[PDB]
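*Asks:* One structure coming up, written as structure tokens, with questions to follow.
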Amino acid sequence: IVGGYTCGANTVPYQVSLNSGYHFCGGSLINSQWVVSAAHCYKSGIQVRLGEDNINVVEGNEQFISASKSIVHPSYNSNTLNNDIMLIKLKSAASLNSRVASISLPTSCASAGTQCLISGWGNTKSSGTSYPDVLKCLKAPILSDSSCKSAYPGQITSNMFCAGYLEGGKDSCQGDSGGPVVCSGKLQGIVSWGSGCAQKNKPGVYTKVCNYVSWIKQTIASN
Ligand SMILES: N=C(N)c1ccc(CNC(=O)[C@@H]2CCCN2C(=O)CCC2CCCC2)cc1
Ligand SMILES: [Ca+2]
């Protein structure tokens, strides 16, 4: 997260860290047994870490639970990151509390200009590299599709939207991958891609979760 602020401990209780010896991606709790992340975050041997603030210090509200299965979207395309969504099942149900809470799936999409919350343990610099140990937050609006497509011609699908600031300086970044974009109390986006971080006229691109709600609901009821 570049240009954001410290969220504050467990102020984003649906935010998870995916860990395989180390944090490698964000995720969102959507019920006690299931997480939503990005397809480009797929790998075996995943441990889900909930209740986290400082990811390098055990502060007392953590729950560490291994993944029993992962389901990348059937239509994911690694070349273009179209349908960049994945579901991860917990081997045991998370114990939900104020610190470890699920985020609601959207009933409908969000419109351009809607303010959202983007969060993660990703890089905080526009040039160079600095990883925070505490959770960073960023308020950012959903941008119009035309400004999104103008920035990334021939690369944006109906399954993607841009959010952020065309002037730059505020954006998500590497290590934020898979993380939530929350608008009006719903999970509308997943941190997917972009050119650099916080670069002018290069806004962040997010997986459009509202297109996947039936697939999400169908998949977890059958797995
Ligand atoms: N500036 C941002 N908002 C932002 C946030 C998070 C990321 C992390 N994502 C990534 O690094 C993903 C993973 C595979 C290649 N990749 C890219 O961003 C490269 C460009 C992609 C590859 C294919 C279509 C465009 C990248 C950018
Ligand atoms: Ca911790």
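Quick note on naming: the chains in the structure tokens go A, B, ... in the order shown, residues restart at 1 in each chain, and ligands are numbered from 1 in order of appearance.
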When the cut-off is 10 Å and you count only C-alpha atoms and all ligand atoms, which residues lie near ligand 2, shown as a short mmCIF file (atom, residue, chain, number, x, y, z; two decimals) with N, CA and C atoms, in the first residue's frame?

*Replies:*
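Written out: part_7.cif:
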data_model
loop_
_atom_site.label_atom_id
_atom_site.label_comp_id
_atom_site.auth_asym_id
_atom_site.auth_seq_id
_atom_site.Cartn_x
_atom_site.Cartn_y
_atom_site.Cartn_z
N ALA A 9 -4.68 -2.05 14.63
CA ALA A 9 -4.85 -3.47 14.91
C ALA A 9 -6.29 -3.97 14.80
N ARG A 49 -3.74 -16.90 7.76
CA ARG A 49 -3.50 -16.28 9.05
C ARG A 49 -4.48 -15.12 9.21
N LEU A 50 -5.39 -15.28 10.16
CA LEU A 50 -6.44 -14.35 10.52
C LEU A 50 -6.09 -13.61 11.80
N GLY A 51 -6.76 -12.50 12.06
CA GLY A 51 -6.60 -11.75 13.29
C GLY A 51 -5.26 -11.04 13.36
N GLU A 52 -4.58 -10.93 12.23
CA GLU A 52 -3.23 -10.38 12.20
C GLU A 52 -3.22 -8.86 12.17
N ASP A 53 -2.26 -8.26 12.87
CA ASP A 53 -1.85 -6.88 12.66
C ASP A 53 -0.37 -6.91 12.28
N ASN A 54 0.55 -6.96 13.24
CA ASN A 54 1.96 -7.13 12.90
C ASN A 54 2.19 -8.58 12.49
N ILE A 55 2.59 -8.82 11.25
CA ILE A 55 2.74 -10.19 10.77
C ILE A 55 4.06 -10.82 11.21
N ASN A 56 4.92 -10.06 11.88
CA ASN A 56 6.17 -10.64 12.35
C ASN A 56 6.18 -10.77 13.87
N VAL A 57 5.07 -10.37 14.48
CA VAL A 57 4.97 -10.50 15.93
C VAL A 57 3.65 -11.15 16.33
N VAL A 58 3.73 -12.14 17.22
CA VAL A 58 2.55 -12.77 17.80
C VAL A 58 1.97 -11.91 18.91
N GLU A 59 0.84 -11.27 18.64
CA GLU A 59 0.28 -10.27 19.53
C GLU A 59 -0.93 -10.77 20.30
N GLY A 60 -1.40 -11.98 20.00
CA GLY A 60 -2.45 -12.61 20.76
C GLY A 60 -3.80 -12.80 20.13
N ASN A 61 -4.08 -12.30 18.92
CA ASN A 61 -5.44 -12.52 18.40
C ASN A 61 -5.41 -13.35 17.11
N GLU A 62 -4.23 -13.84 16.77
CA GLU A 62 -4.00 -14.67 15.60
C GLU A 62 -4.70 -16.02 15.69
N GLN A 63 -5.11 -16.50 14.52
CA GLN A 63 -5.54 -17.86 14.29
C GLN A 63 -4.79 -18.30 13.02
N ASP A 133 5.26 -4.13 8.52
CA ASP A 133 4.88 -5.34 9.27
C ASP A 133 3.44 -5.21 9.76
N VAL A 134 2.97 -3.98 9.89
CA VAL A 134 1.59 -3.73 10.29
C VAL A 134 0.71 -3.51 9.06
#

*Asks:* Residues within 7 Å of ligand 1, counting only C-alpha atoms and all ligand atoms: report them as a list in words.

*Replies:*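 Result of the 7 Å neighbour search around ligand 1: residues 40, 78, 79, 80, 81, 171, 172, 173, 174, 175, 176, 177, 191, 192, 193, 194, 195, 196, 197, 198, 203, 204 and 205 of chain A.
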
*Asks:* List the spatial neighbours of range 212-221 of chain A as a PyMOL selection string - criterion: any atom at most 8 Å away, only C-alpha atoms, same-chain residues fewer than 4 positions off excluded.

*Replies:* chain A and resi 34+87+105-107+208

*Asks:* Those same residues - N, CA, C and O atoms - I'd like them written as a CSV table (one decimal), in the first residue's frame.

*Replies:*
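Wrote it out as result-v7.csv, contents follow:
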chain,number,residue,atom,x,y,z
A,34,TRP,N,-14.2,-20.2,4.7
A,34,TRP,CA,-13.8,-19.9,3.3
A,34,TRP,C,-13.1,-18.5,3.2
A,34,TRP,O,-13.6,-17.5,3.7
A,87,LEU,N,-10.8,-19.4,-4.4
A,87,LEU,CA,-11.3,-19.7,-3.1
A,87,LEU,C,-10.4,-20.7,-2.4
A,87,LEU,O,-9.9,-21.6,-3.0
A,105,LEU,N,-20.5,-10.7,0.7
A,105,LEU,CA,-20.4,-10.7,-0.8
A,105,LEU,C,-21.4,-9.6,-1.3
A,105,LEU,O,-22.5,-9.4,-0.7
A,106,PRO,N,-21.1,-9.0,-2.4
A,106,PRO,CA,-22.0,-8.0,-2.9
A,106,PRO,C,-23.3,-8.6,-3.5
A,106,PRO,O,-23.3,-9.7,-3.9
A,107,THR,N,-24.4,-7.8,-3.4
A,107,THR,CA,-25.6,-8.2,-4.0
A,107,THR,C,-25.7,-7.7,-5.4
A,107,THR,O,-26.2,-8.3,-6.4
A,208,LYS,N,-13.2,-7.9,-10.5
A,208,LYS,CA,-14.6,-7.4,-10.2
A,208,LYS,C,-15.5,-8.5,-9.6
A,208,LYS,O,-16.2,-9.3,-10.3

*Asks:* Tell me which protein, DNA and RNA residues are within 7 Å of residue 179 in chain A, counting only C-alpha atoms, leaving out same-chain ones fewer than 5 positions away, and put them as a list in words.

*Replies:*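 Near residue 179 in chain A, the qualifying residues are residues 26, 27, 28, 37, 119, 120, 190 and 191 of chain A.
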
*Asks:* As JSON, numbers by chain, please: the residues near residue 83 in chain A (cut-off 10 Å, only C-alpha atoms, same-chain neighbours under 5 positions excluded).

*Replies:* {"A": [38, 39, 40, 72, 73, 74, 75, 76, 77, 78, 157, 158, 159, 160, 192, 207, 208, 209, 211, 212]}

*Asks:* Using backbone DSSP assignments, extract all strand (DSSP E) residues from range 15-176 of chain A; output them as number ranges by chain.

*Replies:* A: 15-19, 23-31, 34-37, 47-50, 63-72, 86-90, 115-120, 136-141, 160-163

*Asks:* Could you turn the residues from that selection into a file that holds C-alpha atoms, as a PDB file, in the first residue's frame?

*Replies:*
ATOM      1  CA  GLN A  15      -8.273  -9.254   6.076  1.00  0.00           C
ATOM      2  CA  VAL A  16      -6.148 -12.405   6.055  1.00  0.00           C
ATOM      3  CA  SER A  17      -2.526 -13.115   5.268  1.00  0.00           C
ATOM      4  CA  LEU A  18      -1.653 -16.147   3.113  1.00  0.00           C
ATOM      5  CA  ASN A  19       1.575 -17.674   4.428  1.00  0.00           C
ATOM      6  CA  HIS A  23       3.479 -13.662   3.889  1.00  0.00           C
ATOM      7  CA  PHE A  24       3.012 -13.818   0.125  1.00  0.00           C
ATOM      8  CA  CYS A  25      -0.564 -12.512  -0.463  1.00  0.00           C
ATOM      9  CA  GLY A  26      -3.689 -11.042   1.112  1.00  0.00           C
ATOM     10  CA  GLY A  27      -7.147 -12.582   1.259  1.00  0.00           C
ATOM     11  CA  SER A  28     -10.684 -11.978   2.534  1.00  0.00           C
ATOM     12  CA  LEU A  29     -12.695 -14.113   4.953  1.00  0.00           C
ATOM     13  CA  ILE A  30     -16.202 -14.598   3.617  1.00  0.00           C
ATOM     14  CA  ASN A  31     -17.349 -17.125   6.223  1.00  0.00           C
ATOM     15  CA  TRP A  34     -13.751 -19.880   3.321  1.00  0.00           C
ATOM     16  CA  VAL A  35     -11.358 -17.231   1.980  1.00  0.00           C
ATOM     17  CA  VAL A  36     -11.359 -15.247  -1.245  1.00  0.00           C
ATOM     18  CA  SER A  37      -8.043 -14.318  -2.865  1.00  0.00           C
ATOM     19  CA  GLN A  47      -1.563 -21.430   5.766  1.00  0.00           C
ATOM     20  CA  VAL A  48      -4.270 -18.807   6.324  1.00  0.00           C
ATOM     21  CA  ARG A  49      -3.498 -16.276   9.047  1.00  0.00           C
ATOM     22  CA  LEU A  50      -6.438 -14.353  10.519  1.00  0.00           C
ATOM     23  CA  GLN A  63      -5.536 -17.864  14.290  1.00  0.00           C
ATOM     24  CA  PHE A  64      -3.282 -19.959  12.046  1.00  0.00           C
ATOM     25  CA  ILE A  65      -5.151 -22.502   9.955  1.00  0.00           C
ATOM     26  CA  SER A  66      -3.952 -24.599   7.069  1.00  0.00           C
ATOM     27  CA  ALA A  67      -5.731 -24.738   3.718  1.00  0.00           C
ATOM     28  CA  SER A  68      -7.574 -28.009   2.968  1.00  0.00           C
ATOM     29  CA  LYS A  69      -8.220 -27.054  -0.632  1.00  0.00           C
ATOM     30  CA  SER A  70      -7.914 -24.324  -3.218  1.00  0.00           C
ATOM     31  CA  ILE A  71     -10.086 -23.659  -6.193  1.00  0.00           C
ATOM     32  CA  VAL A  72      -8.797 -21.295  -8.846  1.00  0.00           C
ATOM     33  CA  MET A  86      -9.590 -18.121  -6.099  1.00  0.00           C
ATOM     34  CA  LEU A  87     -11.333 -19.719  -3.126  1.00  0.00           C
ATOM     35  CA  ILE A  88      -9.374 -21.302  -0.286  1.00  0.00           C
ATOM     36  CA  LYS A  89     -11.027 -23.652   2.242  1.00  0.00           C
ATOM     37  CA  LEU A  90      -9.825 -23.765   5.839  1.00  0.00           C
ATOM     38  CA  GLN A 115     -15.206   5.234  -2.196  1.00  0.00           C
ATOM     39  CA  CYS A 116     -13.559   1.943  -1.188  1.00  0.00           C
ATOM     40  CA  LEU A 117     -11.116   0.597   1.432  1.00  0.00           C
ATOM     41  CA  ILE A 118      -7.990  -1.232   0.194  1.00  0.00           C
ATOM     42  CA  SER A 119      -5.661  -2.875   2.697  1.00  0.00           C
ATOM     43  CA  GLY A 120      -2.588  -5.047   2.883  1.00  0.00           C
ATOM     44  CA  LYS A 136      -1.778  -0.479   5.825  1.00  0.00           C
ATOM     45  CA  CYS A 137      -5.050   1.035   4.615  1.00  0.00           C
ATOM     46  CA  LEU A 138      -6.032   3.267   1.697  1.00  0.00           C
ATOM     47  CA  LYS A 139      -9.264   5.013   0.821  1.00  0.00           C
ATOM     48  CA  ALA A 140      -9.687   5.046  -2.965  1.00  0.00           C
ATOM     49  CA  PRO A 141     -12.546   5.648  -5.393  1.00  0.00           C
ATOM     50  CA  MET A 160     -11.892  -5.926 -14.009  1.00  0.00           C
ATOM     51  CA  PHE A 161     -12.147  -2.376 -12.685  1.00  0.00           C
ATOM     52  CA  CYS A 162      -9.664   0.331 -11.772  1.00  0.00           C
ATOM     53  CA  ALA A 163      -9.541   2.231  -8.511  1.00  0.00           C
TER      54      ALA A 163
END

*Asks:* Using only C-alpha atoms, find the one residue out of A:85, A:156, A:7, A:183 that sits nearest to residue 113 in chain A.

*Replies:*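 Between A:85, A:156, A:7, A:183, the residue approaching residue 113 in chain A most closely is A:183.
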
*Asks:* Between CA of residue 123 in chain A and CA of residue 11 in chain A, what is the spacing in Å?

*Replies:*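 These two atoms are separated by 19.6 Å.
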
*Asks:* So what do you get for CA of residue 99 in chain A versus CA of residue 222 in chain A, distance-wise?

*Replies:*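 The value is 27.9 Å.
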
*Asks:* Using only C-alpha atoms, can you tell me which of A:126, A:84, A:188, A:112 comes closest to residue 146 in chain A?

*Replies:*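 Distance minimum relative to residue 146 in chain A lands on A:112.
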
*Asks:* Just to confirm, what's the straight-line distance from CA of residue 187 in chain A to CA of residue 210 in chain A in Å (one decimal)?

*Replies:* 8.1 Å

*Asks:* So which one's closest to residue 4 in chain A, A:93, A:135, A:101, A:109? Using only C-alpha atoms, please.

*Replies:*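 The answer is A:135, which sits nearest to residue 4 in chain A.
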